[PDB]
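One file, model-v8.txt, carrying compact mmCIF, C-alpha atoms and all ligand atoms:
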# COMPACT_ATOMS: atom_id res chain seq x y z
CA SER A 1856 40.86 113.98 219.79
CA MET A 1857 44.32 114.37 221.43
CA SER A 1858 45.00 111.18 223.47
CA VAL A 1859 41.44 109.96 222.77
CA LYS A 1860 41.36 107.28 220.06
CA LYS A 1861 38.99 104.58 218.84
CA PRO A 1862 40.20 100.97 218.89
CA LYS A 1863 42.63 100.55 215.99
CA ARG A 1864 41.36 98.72 212.91
CA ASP A 1865 44.03 96.46 211.31
CA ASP A 1866 44.77 98.14 208.02
CA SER A 1867 47.84 96.15 207.02
CA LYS A 1868 46.04 94.10 204.33
CA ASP A 1869 44.25 97.07 202.72
CA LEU A 1870 46.85 97.61 199.96
CA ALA A 1871 46.74 93.98 198.85
CA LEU A 1872 42.94 93.76 199.07
CA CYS A 1873 42.47 96.94 197.00
CA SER A 1874 44.87 95.51 194.43
CA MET A 1875 42.81 92.32 194.38
CA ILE A 1876 39.55 94.24 193.92
CA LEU A 1877 41.10 96.31 191.09
CA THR A 1878 42.17 93.08 189.36
CA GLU A 1879 38.63 91.68 189.60
CA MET A 1880 37.26 94.85 188.04
CA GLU A 1881 39.85 94.76 185.23
CA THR A 1882 38.90 91.19 184.30
CA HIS A 1883 35.14 91.89 184.23
CA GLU A 1884 33.91 91.72 180.64
CA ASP A 1885 32.38 95.20 180.87
CA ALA A 1886 35.68 96.78 181.97
CA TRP A 1887 36.80 97.71 178.44
CA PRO A 1888 35.68 101.35 178.45
CA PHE A 1889 37.66 101.92 181.65
CA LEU A 1890 40.92 99.98 181.23
CA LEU A 1891 42.98 102.84 179.76
CA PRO A 1892 42.82 106.65 179.82
CA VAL A 1893 40.35 108.17 177.37
CA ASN A 1894 42.26 109.49 174.35
CA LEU A 1895 42.02 113.25 174.90
CA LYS A 1896 43.16 114.07 171.38
CA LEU A 1897 40.74 111.71 169.61
CA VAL A 1898 37.64 112.24 171.75
CA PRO A 1899 36.15 115.71 171.16
CA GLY A 1900 34.85 117.39 174.32
CA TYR A 1901 36.31 114.99 176.87
CA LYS A 1902 39.31 117.06 177.90
CA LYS A 1903 37.23 120.22 178.41
CA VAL A 1904 34.17 118.57 180.01
CA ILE A 1905 35.80 115.99 182.31
CA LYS A 1906 37.91 117.93 184.79
CA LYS A 1907 39.53 114.86 186.38
CA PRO A 1908 39.97 111.87 184.08
CA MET A 1909 40.50 108.53 185.79
CA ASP A 1910 40.80 104.92 184.62
CA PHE A 1911 41.82 101.48 185.93
CA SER A 1912 45.41 101.60 184.63
CA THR A 1913 46.00 104.99 186.26
CA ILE A 1914 44.52 103.68 189.51
CA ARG A 1915 46.88 100.68 189.30
CA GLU A 1916 49.86 103.01 188.87
CA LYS A 1917 48.87 105.14 191.83
CA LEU A 1918 48.19 102.09 194.00
CA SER A 1919 51.52 100.40 193.19
CA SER A 1920 53.54 103.58 193.78
CA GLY A 1921 52.03 104.40 197.17
CA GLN A 1922 49.88 107.35 196.09
CA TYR A 1923 46.76 106.40 198.09
CA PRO A 1924 47.13 107.36 201.74
CA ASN A 1925 44.22 105.08 202.66
CA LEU A 1926 41.27 102.85 201.67
CA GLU A 1927 38.91 105.71 201.10
CA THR A 1928 41.09 107.61 198.64
CA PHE A 1929 41.25 104.44 196.50
CA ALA A 1930 37.44 104.14 196.60
CA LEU A 1931 37.08 107.82 195.56
CA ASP A 1932 39.18 107.28 192.42
CA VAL A 1933 37.22 104.17 191.51
CA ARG A 1934 33.93 106.05 191.89
CA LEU A 1935 35.40 108.95 189.88
CA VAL A 1936 35.75 106.57 186.91
CA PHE A 1937 32.03 105.86 187.02
CA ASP A 1938 30.97 109.43 187.73
CA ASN A 1939 32.96 110.55 184.68
CA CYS A 1940 31.25 107.81 182.67
CA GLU A 1941 27.82 109.03 183.75
CA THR A 1942 28.65 112.67 182.90
CA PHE A 1943 29.80 111.90 179.36
CA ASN A 1944 27.58 108.99 178.29
CA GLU A 1945 23.85 108.46 177.81
CA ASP A 1946 22.39 105.92 180.25
CA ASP A 1947 20.89 104.28 177.18
CA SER A 1948 24.17 103.29 175.55
CA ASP A 1949 26.64 100.39 175.83
CA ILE A 1950 29.24 102.46 177.68
CA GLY A 1951 26.54 104.00 179.86
CA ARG A 1952 25.28 100.56 180.84
CA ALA A 1953 28.87 99.36 181.33
CA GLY A 1954 29.42 102.09 183.92
CA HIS A 1955 26.29 101.18 185.87
CA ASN A 1956 27.25 97.50 185.89
CA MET A 1957 30.83 98.16 187.01
CA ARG A 1958 29.79 100.52 189.81
CA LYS A 1959 27.39 97.94 191.23
CA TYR A 1960 30.03 95.23 190.82
CA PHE A 1961 32.56 97.39 192.67
CA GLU A 1962 30.30 98.39 195.55
CA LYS A 1963 29.52 94.72 196.24
CA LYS A 1964 33.18 93.66 196.29
CA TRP A 1965 33.85 96.69 198.48
CA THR A 1966 31.12 95.93 201.01
CA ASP A 1967 31.95 92.22 201.02
CA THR A 1968 35.64 92.93 201.62
CA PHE A 1969 35.70 95.68 204.25
CA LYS A 1970 32.18 96.29 205.64
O1 LIG B 1 45.99 115.72 174.98
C1 LIG B 1 45.80 116.88 175.42
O2 LIG B 1 46.22 117.20 176.57
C2 LIG B 1 45.04 117.88 174.56
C3 LIG B 1 44.40 117.44 173.42
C4 LIG B 1 43.70 118.34 172.63
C5 LIG B 1 43.65 119.67 173.00
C6 LIG B 1 44.31 120.07 174.15
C7 LIG B 1 44.23 121.53 174.54
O3 LIG B 1 43.94 122.37 173.66
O4 LIG B 1 44.44 121.93 175.73
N1 LIG B 1 44.98 119.18 174.90
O1 LIG B 2 40.43 125.40 179.30
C1 LIG B 2 39.62 126.22 178.77
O2 LIG B 2 39.26 126.11 177.56
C2 LIG B 2 39.03 127.31 179.63
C3 LIG B 2 39.84 128.22 180.29
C4 LIG B 2 39.23 129.19 181.07
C5 LIG B 2 37.84 129.21 181.16
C6 LIG B 2 37.09 128.27 180.48
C7 LIG B 2 35.57 128.25 180.54
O3 LIG B 2 34.93 129.28 180.91
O4 LIG B 2 34.95 127.20 180.23
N1 LIG B 2 37.70 127.35 179.74
Take the structure in the file and give it back as structure tokens.
Amino acid sequence: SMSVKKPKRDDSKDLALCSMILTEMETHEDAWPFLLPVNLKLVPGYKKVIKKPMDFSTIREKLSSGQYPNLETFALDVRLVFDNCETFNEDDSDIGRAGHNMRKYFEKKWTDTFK
């Protein structure tokens, strides 16, 4: 509370580390469904069903232009990509399995980097 603070964690490398983790996700071979925004004009249903589209290139833009106030807001956008994937795709499909793989891949990098 006021004048009562926990020891300060050094957060000065967070931006560069998040950028590094995003790059590792983008080079994963199962990243292809997530690299660019879904085409809202060519994919029936997606615009109406998915209230908040997110993808790796949009995350890169936000990251590089200072639009994440902290670590956690970056993580939320990354998870949003995979939650959207799960909402719109059957588990038993290539894209469905891609999403599962990428989420697990991310959460490991995340844990290994910060926790
Ligand atoms: O690209 C878009 O934003 C889009 C595409 C198809 C329909 C609509 C719409 O009717 O709102 N919007
Ligand atoms: O964007 C739309 O098509 C829209 C607007 C208002 C309500 C609803 C709805 O009830 O789904 N959908």
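Among the candidates A:1952, A:1863, A:1915, A:1959, the one nearest to residue 1891 (chain A) when counting all atoms listed in the file is A:1915.
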Inset, instruction - Could you give me the residues within 12 Å of ligand LIG 1 (chain B), counting all atoms listed in the file, as a ChimeraX atom specification? - result: /A:1892-1906,1908
Would you compute, for all listed atoms of ligand LIG 2 (chain B), the axis-aligned bounding box grown by 3 Å on each side, and then report its centre and edge lengths in Å rounded to one decimal, as JSON?
{"center_x": 37.7, "center_y": 127.3, "center_z": 179.4, "size_x": 11.5, "size_y": 9.9, "size_z": 9.6}
Inset, instruction - Considering only C-alpha atoms, return as a VMD selection string whatever protein or nucleic-acid residues lie within 7 Å of region 1935-1943 of chain A, sequence-local ones (same chain, fewer than 5 positions apart) excluded. - result: chain A and resid 1905 1909 to 1910 1951 1954 1958
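Put simply, CA of residue 1873 (chain A) is 29.1 Å away from CA of residue 1945 (chain A).
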Legend entry - Selected residue of minimal separation from residue 1931 (chain A) among A:1962, A:1887, A:1956, A:1946, counting all atoms listed in the file: A:1962
Inset, instruction - For CA of residue 1913 (chain A) and CA of residue 1881 (chain A), determine how far apart the two atoms are, in Å to one decimal place. - result: 12.0 Å
Inset, instruction - Mind giving me the straight-line distance from CA of residue 1876 (chain A) to CA of residue 1968 (chain A) in Å, one decimal? - result: 8.7 Å
Within 12 Å of (38.4, 94.7, 190.0), in the coordinates the file gives, what residues turn up when you count only C-alpha atoms, written out as a JSON list (two decimals) with C-alpha atoms, keeping the file's coordinate frame?
[["chain", "number", "residue", "atom", "x", "y", "z"],
["A", 1872, "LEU", "CA", 42.94, 93.76, 199.07],
["A", 1873, "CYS", "CA", 42.47, 96.94, 197.00],
["A", 1874, "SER", "CA", 44.87, 95.51, 194.43],
["A", 1875, "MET", "CA", 42.81, 92.32, 194.38],
["A", 1876, "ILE", "CA", 39.55, 94.24, 193.92],
["A", 1877, "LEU", "CA", 41.10, 96.31, 191.09],
["A", 1878, "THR", "CA", 42.17, 93.08, 189.36],
["A", 1879, "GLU", "CA", 38.63, 91.68, 189.60],
["A", 1880, "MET", "CA", 37.26, 94.85, 188.04],
["A", 1881, "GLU", "CA", 39.85, 94.76, 185.23],
["A", 1882, "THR", "CA", 38.90, 91.19, 184.30],
["A", 1883, "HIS", "CA", 35.14, 91.89, 184.23],
["A", 1884, "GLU", "CA", 33.91, 91.72, 180.64],
["A", 1885, "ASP", "CA", 32.38, 95.20, 180.87],
["A", 1886, "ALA", "CA", 35.68, 96.78, 181.97],
["A", 1889, "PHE", "CA", 37.66, 101.92, 181.65],
["A", 1890, "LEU", "CA", 40.92, 99.98, 181.23],
["A", 1910, "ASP", "CA", 40.80, 104.92, 184.62],
["A", 1911, "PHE", "CA", 41.82, 101.48, 185.93],
["A", 1912, "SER", "CA", 45.41, 101.60, 184.63],
["A", 1914, "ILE", "CA", 44.52, 103.68, 189.51],
["A", 1915, "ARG", "CA", 46.88, 100.68, 189.30],
["A", 1930, "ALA", "CA", 37.44, 104.14, 196.60],
["A", 1933, "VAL", "CA", 37.22, 104.17, 191.51],
["A", 1957, "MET", "CA", 30.83, 98.16, 187.01],
["A", 1958, "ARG", "CA", 29.79, 100.52, 189.81],
["A", 1959, "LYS", "CA", 27.39, 97.94, 191.23],
["A", 1960, "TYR", "CA", 30.03, 95.23, 190.82],
["A", 1961, "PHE", "CA", 32.56, 97.39, 192.67],
["A", 1962, "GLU", "CA", 30.30, 98.39, 195.55],
["A", 1963, "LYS", "CA", 29.52, 94.72, 196.24],
["A", 1964, "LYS", "CA", 33.18, 93.66, 196.29],
["A", 1965, "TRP", "CA", 33.85, 96.69, 198.48]]
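Proximity of A:1907, A:1925, A:1955, A:1916 to residue 1869 (chain A), computed with only C-alpha atoms, is greatest for A:1925.
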Inset, instruction - Compare A:1932, A:1926, A:1888, A:1966 by their minimum atom-to-atom distance to residue 1949 (chain A), counting only C-alpha atoms, and give me the closest one. - result: A:1888
